[PDB]
Amino acid sequence: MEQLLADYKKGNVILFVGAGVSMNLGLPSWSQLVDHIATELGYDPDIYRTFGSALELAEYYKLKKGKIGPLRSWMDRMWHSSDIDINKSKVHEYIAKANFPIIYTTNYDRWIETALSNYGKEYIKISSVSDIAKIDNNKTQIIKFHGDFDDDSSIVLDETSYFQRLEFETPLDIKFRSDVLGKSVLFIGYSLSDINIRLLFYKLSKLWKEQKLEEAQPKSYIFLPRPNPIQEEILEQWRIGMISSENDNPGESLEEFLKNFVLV
Amino acid sequence: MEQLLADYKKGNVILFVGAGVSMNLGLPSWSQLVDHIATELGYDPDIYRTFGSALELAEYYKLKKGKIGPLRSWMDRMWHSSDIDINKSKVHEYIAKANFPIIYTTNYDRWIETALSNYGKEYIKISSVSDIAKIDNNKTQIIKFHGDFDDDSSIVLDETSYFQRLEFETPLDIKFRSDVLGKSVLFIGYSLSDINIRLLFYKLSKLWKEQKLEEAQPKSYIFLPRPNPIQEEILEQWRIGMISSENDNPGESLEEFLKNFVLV
Amino acid sequence: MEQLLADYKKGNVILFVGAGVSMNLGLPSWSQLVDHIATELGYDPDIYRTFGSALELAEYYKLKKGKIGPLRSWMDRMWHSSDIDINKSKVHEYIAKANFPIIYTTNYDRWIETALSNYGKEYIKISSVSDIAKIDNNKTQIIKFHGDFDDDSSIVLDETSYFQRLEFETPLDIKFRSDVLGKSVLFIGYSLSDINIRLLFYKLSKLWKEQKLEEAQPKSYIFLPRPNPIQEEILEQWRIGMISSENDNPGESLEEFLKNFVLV
Amino acid sequence: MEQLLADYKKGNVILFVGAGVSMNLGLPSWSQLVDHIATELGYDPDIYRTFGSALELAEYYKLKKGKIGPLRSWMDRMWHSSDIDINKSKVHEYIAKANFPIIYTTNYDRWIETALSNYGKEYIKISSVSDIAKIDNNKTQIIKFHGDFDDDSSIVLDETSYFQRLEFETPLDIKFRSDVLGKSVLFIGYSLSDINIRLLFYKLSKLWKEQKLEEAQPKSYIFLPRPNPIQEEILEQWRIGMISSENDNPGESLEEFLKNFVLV
Amino acid sequence: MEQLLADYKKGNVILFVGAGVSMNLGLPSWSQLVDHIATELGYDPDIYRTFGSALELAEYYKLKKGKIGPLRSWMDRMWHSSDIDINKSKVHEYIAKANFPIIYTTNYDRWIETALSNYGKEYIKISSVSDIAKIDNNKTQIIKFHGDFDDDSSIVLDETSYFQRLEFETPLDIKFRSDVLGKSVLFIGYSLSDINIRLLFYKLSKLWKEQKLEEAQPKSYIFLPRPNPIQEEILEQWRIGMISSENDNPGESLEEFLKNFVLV
Amino acid sequence: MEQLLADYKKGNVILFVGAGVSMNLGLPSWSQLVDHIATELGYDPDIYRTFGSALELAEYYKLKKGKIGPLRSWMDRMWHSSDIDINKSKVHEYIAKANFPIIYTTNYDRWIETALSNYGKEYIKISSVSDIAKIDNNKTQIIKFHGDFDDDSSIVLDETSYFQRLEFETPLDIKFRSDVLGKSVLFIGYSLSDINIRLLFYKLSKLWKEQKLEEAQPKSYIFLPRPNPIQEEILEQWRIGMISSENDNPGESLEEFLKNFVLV
Amino acid sequence: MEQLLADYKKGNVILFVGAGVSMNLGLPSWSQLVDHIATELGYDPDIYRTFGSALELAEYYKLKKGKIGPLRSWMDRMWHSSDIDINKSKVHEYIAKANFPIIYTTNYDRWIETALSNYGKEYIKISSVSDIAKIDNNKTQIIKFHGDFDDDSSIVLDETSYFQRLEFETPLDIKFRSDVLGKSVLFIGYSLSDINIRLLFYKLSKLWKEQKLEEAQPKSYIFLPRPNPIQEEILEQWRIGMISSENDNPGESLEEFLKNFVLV
């Protein structure tokens with residue numbers, strides 16, 4: 001809690017913005033993408049929910065249509081609607097105004113870069129290998145961990161693609177497990193039912209405990225608004241700080257936790 | 001479907017028994033164990049059930065009370081009660097009268113071995129490395145994949161060991177990865193919800209792809225009690241046949257599926 | 001003799017029930033256990049009754065099989081048979097009826113706690129660190145000094161495990177050498193052919209003559225069925241008194257001693 | 001932090017007070033004691049101060065006088081003077097109004113017991129082996145860890161006695177090493193320059209590390225007036241918190257820390 | 001010359017016949033292979049042998065030709081000449097008359113199978129996936145680890161192919177990694193100046209170390225004709241018992257070492 | 001050749017300094033180190049040179065003694081003598097005057113760092129995880145890939161350590177595998193008769209081929225003083241250019257190779 | 001000045017040189033090590049000095065850095081500078097010209113070994129177990145008690161390493177506890193404001209008391225430059241004779257004290 005801020009004033013905290021920071025903008029949820037896949041595939045909406053998880057239906061779309069392209073066009077049109085204003089959302093305001101050097105994200109949308117444009121910052125938005133060559137150390141790096149809408153070969157929308165990225169062998173993951181060296185990672189917007197966060201924590205835990213790294217490697221931190229007595233212990237097995245808030249609505253909890261970083 | 005019988009008549013089929021072959025046996029469910037963990041941990045069992053999935057609750061009954069010892073002693077008493085009759089189960093009788101030379105099982109109990117013992121089939125139980133040296137090619141190998149109650153250092157009964165065994169490098173995993181070579185695996189009793197079965201299929205599909213084995217290794221199979229048009233193509237990506245039936249009763253479908261394997 | 005009853009009547013005595021108490025139950029002896037280890041290892045039982053003492057064969061089982069567990073399951077199955085009835089053993093009946101604050105046991109089986117629950121008493125049975133946290137001053141404490149079948153990491157059958165227990169630094173012996181302070185401890189069921197009993201007496205005598213506790217620590221006692229002239233003086237050199245009886249049959253001697261210890 | 005109050009509701013926290021918890025009472029310090037030994041021994045204070053530390057001068061009272069008894073009577077005379085009022089001190093009131101079942105004290109005084117008896121709580125005083133037979137398990141066990149003013153043989157004043165008590169083999173030290181099992185220990189009134197303090201946390205960490213017991217035994221805590229990142233990261237290797245508030249003056253810092261322990 | 005014969009009496013020894021086992025037959029060396037490659041490529045052989053190692057020189061003729069084929073045909077013709085007879089080589093006789101159930105080999109020639117055919121034994125030679133399905137239990141399995149002349153794709157002659165086989169993911173590599181479980185490996189015909197017979201040892205060292213196989217899987221052994229204390233002490237860290245002989249000629253040394261195995 | 005200087009002008013190249021870059025200084029070779037190990041271990045040098053490869057002997061020194069400590073002290077004292085000066089060597093001058101932003105080295109010396117400090121350039125030495133947190137991106141990151149003389153636990157002198165570092169999982173290897181993304185690697189000072197600088201090439205080629213990335217990541221390069229068509233055509237499969245000049249003496253070829261990188 | 005000269009002429013005196021004999025050498029003190037740690041850690045040195053004593057502050061730079069390597073590399077370079085001449089140091093000259101058979105030292109520098117080499121004597125310097133086998137009997141043994149700059153694992157700079165060395169169980173302390181039997185140990189260069197010369201004193205005192213040694217093992221002695229009757233009387237309980245001097249300069253007192261020892 002205090003150690004996260006002590007590493008933050010040294011510039012040693014990597015943000016890992018999830019999908020839970022955009023619950024106040026008004027983006028379409030995952031129950032709408034599956035609805036659109038059901039509508040344009042030929043099925044019925046509420047019949048195409050019992051048939052699998054939230055990502056293997058997108059995998060079925062990718063094998064029956066051959067591409068994520070017509071899906072990516074609809075998600076780019078619907079996520080980046082003109083109705084959404086980012087000047088009203090305090091979470092992206094405090095993300096942009098804070099001094100975060102690297103802002104790794106598993107979002108597909110371009111609202112973090114829009115928030116950083118809206119407040120004067122500059123970015124080197126990374127989504128593949130060729131964006132790592134254009135890097136610079138004067139401005140921020142927002143790294144689309146799960147691919148941007150500027151690709152069909154880099155969007156991790158599938159189950160096959162998800163299980164491929166769970167091995168951490170693609171060049172966007174070697175960059176992560178080398179950027180993690182010597183720095184803490186702050187996670188915001190995950191509900192701890194996301195399996196990739198758990199295997200990421202497990203991989204960082206064996207990286208720390210197999211190479212006999214001491215406290216020169218700071219651990220990492222996570223924020224979830226609901227305090228859980230058992231998840232603090234399970235995450236502390238993986239060297240993960242449990243930071244929570246007593247507010248009932250998660251929105252002001254995330255707003256205040258990011259307000260803690262916004263001072264300079 | 002017929003290719004499964006063509007491989008089975010040649011003795012080239014590995015069985016992989018899941019948890020769904022003992023639905024009619026009256027075994028205690030996955031919720032009464034959480035109720036017992038809650039009552040032995042100091043929680044009311046209606047809010048301890050909402051703290052996570054069953055693996056990350058039986059992991060909390062490993063962090064404090066640092067053993068799965070009393071948990072094993074309770075599940076060995078409750079899952080092998082005197083009210084369960086294995087002769088009244090048609091599925092275990094149909095498994096016992098078949099000609100599977102190697103049977104894998106994820107279950108911790110011993111009802112498959114009891115079913116073989118009550119029908120004259122002489123077996124060998126394999127649970128660790130030391131039992132592999134006691135192998136014999138004239139007896140059926142019951143390889144307890146996720147451990148059993150004859151140890152507490154090998155039961156996969158927590159999130160940490162489950163995510164460790166997802167990387168197939170333990171000796172039972174290597175034994176499975178070499179038993180799969182040149183043979184097909186029949187999976188019975190499995191659902192599809194974030195379990196290791198999909199990662200197993202994906203690993204075997206990678207072994208098919210990068211080693212360029214065209215038809216030397218036959219396609220392995222799964223059985224589902226209800227048909228799913230999504231999962232048939234989803235698993236056909238991973239070289240998996242999805243055998244289903246027309247009976248709405250899930251209990252009656254499995255015995256009618258094993259009846260084709262009984263007479264050989 | 002009368003001083004032991006005087007320390008009893010103020011609740012300042014500790015029971016230390018051992019392996020020599022259950023001779024009337026009909027439990028398997030160690031001669032059957034080494035026969036089972038010989039059968040499961042591949043030797044001949046009569047060539048395995050030699051080759052070492054009674055504990056290093058179970059140590060060799062830990063060496064070859066790699067785990068206590070398969071042996072632990074057999075001892076749990078054979079020791080707790082349905083043929084053994086605790087209602088017919090008068091010694092366990094007299095142990096359960098007589099009040100005792102702490103009932104330290106060397107035994108692995110659960111027949112003492114079964115005897116206490118057969119006669120209405122309640123137990124807060126301790127075999128690890130985490131069971132000390134749930135301790136209660138109104139319930140009888142039966143502390144398994146050598147562990148029970150609810151753990152394979154605490155059962156002492158190895159000679160290495162025995163010689164590690166002989167240093168008295170695991171947290172099941174710090175509790176004992178703090179429970180000794182100010183109280184006497186009564187021993188029933190030992191023949192003084194075990195090293196740990198005499199070294200425990202030597203440790204308590206060192207604690208008495210080294211910290212100059214004088215007569216503030218009560219003299220503690222040990223029961224035997226056959227009186228010995230030499231061992232009384234050797235034990236009195238350790239401030240340890242021997243209580244014996246004139247009955248040649250050990251069962252009637254133990255029954256009469258515990259009948260003296262029941263009263264109300 | 002929050003885990004300490006989580007362990008409080010289960011009754012798993014042992015208080016361990018020191019000299020710094022009694023600085024607002026106004027008792028004589030060690031400097032006037034050194035002045036007393038300089039006056040009694042025929043020395044002069046400004047040459048007898050420089051000739052060593054505080055405890056070597058009590059060792060040089062037990063040397064060249066025959067007994068620590070006159071120094072104990074001096075301490076009983078004006079270390080328990082009539083000018084000191086308990087009721088005007090807030091920290092002793094918050095200690096006495098708390099729900100601590102076991103309280104350890106290295107002060108040789110009775111003002112903790114005076115505060116407990118003044119506010120209606122019942123206590124038992126432990127200073128040797130003979131007081132452990134009077135527990136009754138209903139009153140707050142005030143355990144004088146470093147002796148008391150009613151026994152000249154069990155007080156810890158010298159350097160020989162202090163260095164002998166660093167091996168943790170006395171009956172009070174064995175009692176502490178058994179009471180720590182499964183329970184957290186809260187340290188108050190310590191300046192973290194005390195050698196016994198840092199060897200005590202090293203002994204508890206050695207007990208935690210050698211026997212491989214997990215978080216079934218919780219983590220101990222210590223309160224400090226001023227924060228220190230060096231000591232926090234050093235004590236984190238011993239699984240110890242650094243619960244502290246800045247709050248300028250140290251007098252109200254202990255009161256503000258103890259304010260969380262009254263209505264619980 | 002150890003407990004290797006005790007393991008061999010139970011049938012838990014896997015032979016790993018190398019390239020130095022057949023120096024008495026008179027097979028062509030790698031120098032004449034390099035000379036033939038130089039002659040067919042146009043280079044002067046005295047010039048060409050200094051242009052790299054033998055593995056890179058056999059990576060050429062796969063590069064600049066496109067196929068192993070003509071080189072495989074020349075090696076099959078020259079390695080199996082009529083001037084080579086098994087019946088005058090006692091080492092292959094002792095290999096054929098022993099009771100090794102699995103005989104791994106990195107040779108390409110068929111003189112091991114010819115030796116077993118000349119002395120009555122029957123073999124189920126394995127060189128790919130589809131021969132693993134043909135295993136008939138009570139037959140010796142000569143597993144060609146580095147391919148043979150019955151395959152142009154599965155042969156291991158290159159540098160790229162040899163570095164592919166160092167990552168143990170090919171099906172024969174998994175078959176070895178699962179055959180090694182619970183059994184010992186005896187290596188005959190290596191010189192330790194060649195790689196992969198140290199990478200096997202390191203991989204088995206991590207397999208027994210990380211999975212904590214406390215002699216569940218026994219030690220493996222190697223035979224060398226020239227004793228060396230440095231290699232014995234280094235191989236002890238990989239628990240490899242380096243067996244040596246005092247005989248000057250390696251042929252009679254290996255002959256006597258296998259004569260120790262040919263009994264019964 | 002031309003594309004190397006095309007990547008150089010954008011600052012997209014990485015130096016990988018070898019051990020053959022410093023043959024003109026006059027440092028002790030491995031012969032003197034092996035003779036010192038033989039002298040310290042009691043053997044003759046000429047019988048110790050024939051006992052194994054040059055790293056197995058240091059592995060034996062570490063095994064027979066307790067540490068690599070005195071060997072590291074002797075190597076620090078002998079390899080950094082006052083006779084060796086940077087200013088009379090032109091290769092280190094051309095390395096210091098060039099514009100390599102990241103310099104990798106497998107040398108244990110500091111003569112690269114002494115050359116960069118002598119010519120007024122500023123550098124940051126990286127040898128573990130804790131030095132990665134001091135980048136500041138305005139300084140030449142000299143990275144000791146094979147440890148340094150400022151460490152006794154990360155210096156790669158063994159064969160166990162060498163074969164462990166060949167699997168590319170330590171944090172320096174992860175840092176290299178992320179630094180290589182989108183950049184070219186120049187290899188100077190390697191003879192291509194060593195194993196690490198073939199397996200690294202195969203790892204980079206596997207990363208290029210498996211992820212199916214185009215020319216966004218450029219090709220790596222290597223300089224040797226003598227040309228080799230065999231090694232050129234083998235390296236071109238790994239997407240590697242071979243730079244060479246005839247130039248007779250190997251000392252001059254490196255000077256006229258790094259002359260092209262000076263004035264940029 | 002006492003009978004230790006008669007013990008010396010029989011060769012029964014062991015030297016135990018500390019850090020106090022190098023006051024006139026001009027080596028950097030511990031305070032400069034604190035400023036170096038503060039400079040290389042980021043803190044202001046005047047701020048950093050007040051955050052604890054020197055030992056925990058040297059435990060930092062192992063915590064938060066991972067290794068003692070860079071600290072050892074700085075200390076070796078700064079403690080062995082060319083400005084220090086051992087020929088002009090007279091205390092080291094009288095130590096070198098004396099007849100001490102075994103010389104223990106808690107220093108890290110090699111100046112005693114350089115003093116022996118500059119005056120004809122030969123040292124067999126011991127820092128770990130592997131040097132104890134190197135003892136060639138008729139040579140002076142400079143056993144470095146607190147490690148050397150040769151290795152980083154065994155150097156004692158930490159608080160945790162200091163508390164490990166306080167419990168005398170590492171092999172160098174076993175060698176000291178056997179070397180002191182029947183001989184006297186003469187301490188020079190200590191001040192008793194430090195530790196280890198409390199338990200090094202108490203342990204031999206209680207060894208002499210508890211095993212009833214009377215005149216078999218002689219008294220052991222210590223020199224201080226400042227006389228103190230309190231410390232002499234305290235140490236005489238540990239059977240120690242302090243030799244003091246009336247000279248004002250601390251250097252000349254030790255100089256004449258060893259000038260006493262130079263004769264034969």
# chains A, B, ... in the order shown; residues from 1 in each chain; ligands from 1
$ select_by_dssp --residues "range 154-233 of chain B" --states "helix (DSSP H, G or I)" --output "PyMOL selection string"
chain B and resi 159-165+171-179+196-210+229-233
$ residues_around --residues "range 190-206 of chain D" --least-positions-apart "4" --cutoff "6 Å" --atoms "only C-alpha atoms" --output "list in words"
residues 18, 20, 210 and 238 of chain D
$ write_last_selection --atoms "C-alpha atoms" --output "compact mmCIF listing (two decimals), in the first residue's frame"
# COMPACT_ATOMS: atom_id res chain seq x y z
CA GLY D 18 8.18 -2.93 26.85
CA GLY D 20 8.50 2.60 26.01
CA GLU D 210 12.90 -24.95 9.78
CA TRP D 238 11.24 -12.22 9.74
$ interface_residues --of "chain B" --to "chain E" --cutoff "10 Å" --atoms "only C-alpha atoms" --output "ChimeraX atom specification"
/B:10-12,128-134,136-138,169-183,207,210-211,213,215-217
$ write_last_selection --atoms "C-alpha atoms" --output "short mmCIF file (atom, residue, chain, number, x, y, z; two decimals), in the first residue's frame"
data_model
loop_
_atom_site.label_atom_id
_atom_site.label_comp_id
_atom_site.auth_asym_id
_atom_site.auth_seq_id
_atom_site.Cartn_x
_atom_site.Cartn_y
_atom_site.Cartn_z
CA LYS B 10 -7.21 -53.26 -32.31
CA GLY B 11 -6.66 -52.42 -28.63
CA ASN B 12 -5.51 -48.86 -29.33
CA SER B 128 3.22 -41.94 -8.47
CA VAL B 129 6.61 -42.86 -9.94
CA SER B 130 7.13 -45.90 -7.69
CA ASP B 131 3.97 -47.56 -9.01
CA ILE B 132 5.17 -47.18 -12.62
CA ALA B 133 8.04 -49.58 -11.88
CA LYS B 134 5.46 -52.17 -10.73
CA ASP B 136 2.56 -55.32 -15.89
CA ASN B 137 1.27 -55.60 -19.45
CA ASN B 138 -1.27 -58.34 -18.63
CA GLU B 169 5.83 -31.97 -16.89
CA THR B 170 5.06 -34.19 -13.88
CA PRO B 171 5.86 -37.92 -14.32
CA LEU B 172 2.20 -38.90 -14.74
CA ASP B 173 1.94 -36.17 -17.38
CA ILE B 174 4.95 -37.59 -19.25
CA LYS B 175 3.42 -41.07 -18.95
CA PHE B 176 0.23 -39.74 -20.54
CA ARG B 177 2.17 -37.86 -23.24
CA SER B 178 3.87 -41.12 -24.24
CA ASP B 179 0.75 -43.27 -23.85
CA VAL B 180 -1.04 -40.97 -26.31
CA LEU B 181 1.53 -41.75 -29.03
CA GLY B 182 -0.01 -43.95 -31.70
CA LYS B 183 -3.27 -44.31 -29.75
CA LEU B 207 2.10 -32.32 -30.95
CA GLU B 210 4.70 -29.29 -35.24
CA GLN B 211 5.86 -32.91 -35.57
CA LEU B 213 2.34 -36.71 -37.92
CA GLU B 215 -2.30 -40.05 -39.68
CA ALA B 216 0.21 -41.98 -37.55
CA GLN B 217 -1.48 -40.66 -34.40
#
$ residues_around --residues "residue 88 in chain G" --least-positions-apart "5" --cutoff "12 Å" --atoms "only C-alpha atoms" --output "number ranges by chain"
G: 22, 24-26, 83, 93-94, 115, 118
$ atom_distance --atom1 "CA of residue 76 in chain B" --atom2 "CA of residue 116 in chain C"
22.9 Å
$ residues_around --residues "residue 264 in chain F" --least-positions-apart "4" --cutoff "9 Å" --atoms "only C-alpha atoms" --output "ChimeraX atom specification"
/F:8-9,97-99,260
$ write_last_selection --atoms "C-alpha atoms" --output "PDB file, in the first residue's frame"
ATOM      1  CA  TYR F   8      23.090   1.472 -37.423  1.00  0.00           C
ATOM      2  CA  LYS F   9      22.038   4.994 -38.473  1.00  0.00           C
ATOM      3  CA  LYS F  97      33.937   5.911 -29.986  1.00  0.00           C
ATOM      4  CA  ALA F  98      31.005   4.206 -31.739  1.00  0.00           C
ATOM      5  CA  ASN F  99      27.328   4.779 -31.002  1.00  0.00           C
ATOM      6  CA  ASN F 260      33.094   1.883 -40.242  1.00  0.00           C
TER       7      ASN F 260
END
$ atom_distance --atom1 "CA of residue 82 in chain E" --atom2 "CA of residue 42 in chain E"
28.9 Å
$ select_by_dssp --residues "range 173-220 of chain C" --states "strand (DSSP E or B)" --output "VMD selection string"
chain C and resid 184 to 188
$ write_last_selection --atoms "N, CA and C atoms" --output "short mmCIF file (atom, residue, chain, number, x, y, z; two decimals), in the first residue's frame"
data_model
loop_
_atom_site.label_atom_id
_atom_site.label_comp_id
_atom_site.auth_asym_id
_atom_site.auth_seq_id
_atom_site.Cartn_x
_atom_site.Cartn_y
_atom_site.Cartn_z
N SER C 184 2.61 -32.72 36.81
CA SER C 184 3.18 -34.04 36.61
C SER C 184 2.55 -34.68 35.37
N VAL C 185 3.24 -35.67 34.83
CA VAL C 185 2.79 -36.40 33.66
C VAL C 185 2.87 -37.90 33.92
N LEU C 186 1.74 -38.59 33.71
CA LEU C 186 1.62 -40.01 34.00
C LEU C 186 1.79 -40.80 32.71
N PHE C 187 2.62 -41.83 32.75
CA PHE C 187 2.92 -42.64 31.58
C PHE C 187 2.31 -44.03 31.75
N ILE C 188 1.52 -44.45 30.77
CA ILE C 188 0.95 -45.79 30.75
C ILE C 188 1.16 -46.39 29.37
#
$ residues_around --residues "residue 158 in chain B" --least-positions-apart "3" --cutoff "9 Å" --atoms "only C-alpha atoms" --output "list in words"
residues 54, 55, 56, 57, 58, 59, 60, 61, 62, 155, 161, 162 and 163 of chain B
$ closest_residue --among "B:31, B:140, B:160, B:237" --to "residue 113 in chain B" --atoms "only C-alpha atoms"
B:140
$ atom_distance --atom1 "CA of residue 95 in chain F" --atom2 "CA of residue 247 in chain F"
19.8 Å
